[PDB]
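Given as structure tokens, the chain that follows is alone and in the form deposited in one PDB entry.
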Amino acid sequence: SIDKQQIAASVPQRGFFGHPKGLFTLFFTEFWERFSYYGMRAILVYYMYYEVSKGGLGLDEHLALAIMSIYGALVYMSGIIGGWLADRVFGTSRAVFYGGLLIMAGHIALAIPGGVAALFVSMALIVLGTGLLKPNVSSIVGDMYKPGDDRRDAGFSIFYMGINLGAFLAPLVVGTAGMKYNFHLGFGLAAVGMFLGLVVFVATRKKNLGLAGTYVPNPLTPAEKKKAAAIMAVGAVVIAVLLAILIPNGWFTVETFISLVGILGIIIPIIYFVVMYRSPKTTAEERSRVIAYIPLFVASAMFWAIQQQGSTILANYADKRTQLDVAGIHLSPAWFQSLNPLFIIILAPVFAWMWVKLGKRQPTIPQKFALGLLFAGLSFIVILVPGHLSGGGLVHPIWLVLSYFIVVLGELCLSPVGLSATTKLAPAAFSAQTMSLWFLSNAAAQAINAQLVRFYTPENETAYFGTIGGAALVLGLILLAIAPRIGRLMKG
């Protein structure tokens, strides 16, 4: 580990609107990575189930939606693996570079002509790449600011703005090109986008970032290196023999893989909670807090289940259930993916002002978890209405827009206090696993979403939206009732 002051001494402190010029490097690196990921994601589901004559892969709609959900789950889990790799072996800067290369390679696999096999390879590359780049790029920006610098909070705020900006612009650019012209063109623009991010990072990181991220904070001992390497070596071999027998006659299929991730989505959080609660490095007070964190984890998972279905289920809804031909123009179904980031950009300052204005009268963190859950459930109730009232046929796009608007209201309640809630209720011995634990509920939600896809049909569409939305409302009411007890248990 290199001293923070010596790190800051290597980084230029000016050059980018009162901020270090390294922020420029990191803002645009992450922007383009998010742009590419969100652009590709906006059209990926359509590319999967559209007929082959339309340039699609011709897969079943349910299979496509399930794969999308597994995709997001694996990406979230990959950030945990990748965060460990930078911290213990690569360094954050080197992780961003290698990750970025893998991401770019993944987009290329989609850009070039190919079938379902090309998609699976692309998925693996992006999952691995995003895991290395996404969590580690945000680690470097902190390195640029010396302790006591009041520009730090402002720097992160600007950096995070690029994530939303990439999320807003991508479906309008990559989505339009992919849907209107050709799918591979859109995937190609995503590849170009990531390439732009790679260029800016590689070319400018030496001067702009200096020593930041070029070191290994927690390197393995020599004995650990041999211990680690053998496990993956044995691990890699063991997986290979299994799949070789399983692929033709097992039979390990994409459905089995989807089921596995669904199994992992339930098992993994359980193991995490058991380990924390049974840990000999925990106090009695901390063990009670872990228990108190359980309903908060469940609420998060329920909320993110609905929210992340906006990129899957509602994506299919925009394409199959929504009147695109309005006002003499044809709306692109991928454009609806721009709704969530747009509403976030506009409403987030309003919510912040509201919390400030409320002051002591503002809801507590567990109550904000409940509010988020109530809004999420409401968004599904609203969404079923038009299809329910109409005998059949497409519905007005205003219903879907409203549904996205409502879930954002819930997101701005739960999400900003999500990590904060996790830190306050996690034992000091597990203080390092705080981000992973918070990410885990979002990952588990998406893994579960994939199992729920089969229930989403035109026949029981009302039942699907109603049961899920109803479940969120019920849990929301329960959480409100136990919120006072949980709030008092929080550290502070």
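Numbers follow the displayed sequence, beginning with 1. Definition used throughout: the rigid core is the maximal C-alpha set that superposes within 1.5 Å between two forms.
- If you average the C-alpha B-factors over 255-263 and over 224-232, the higher value belongs to 224-232.
- Just going by the entry, 92-100 versus 305-313 on mean CA temperature factor gives the higher value to 92-100.
- Take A292, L128, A109, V141 and read off each C-alpha B-factor from the entry; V141 has the highest.
- Comparing C-alpha B-factors across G114, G178, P248, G418 in the deposited entry, the largest value falls on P248.
- Compared with the other modelled residues of the chain, the Cα B-factor recorded for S279 ranks in the lowest third.
- Sort the chain's modelled residues by C-alpha temperature factor and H396 lands in the middle third, per the entry.
- In the deposited entry, the Cα temperature factor of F187 sits in the bottom third of values across the chain's modelled residues.
- Among all modelled residues in this chain, the alpha-carbon of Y404 has a temperature factor (C-alpha) in the lowest third.
- In this PDB entry, the Cα temperature factor of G210 sits in the top third of its chain's modelled residues, the highest group.
Absent from the display: the form deposited in another entry. The rest refers to it.
- Once the two forms are fitted on their rigid core, between the shown form and the other one the CA displacement reaches 2 Å or more only for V238 among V116, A154, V202, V238.
- After superposing the rigid core, the C-alpha of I247 moves by 2 Å or more between the shown form and the other one.
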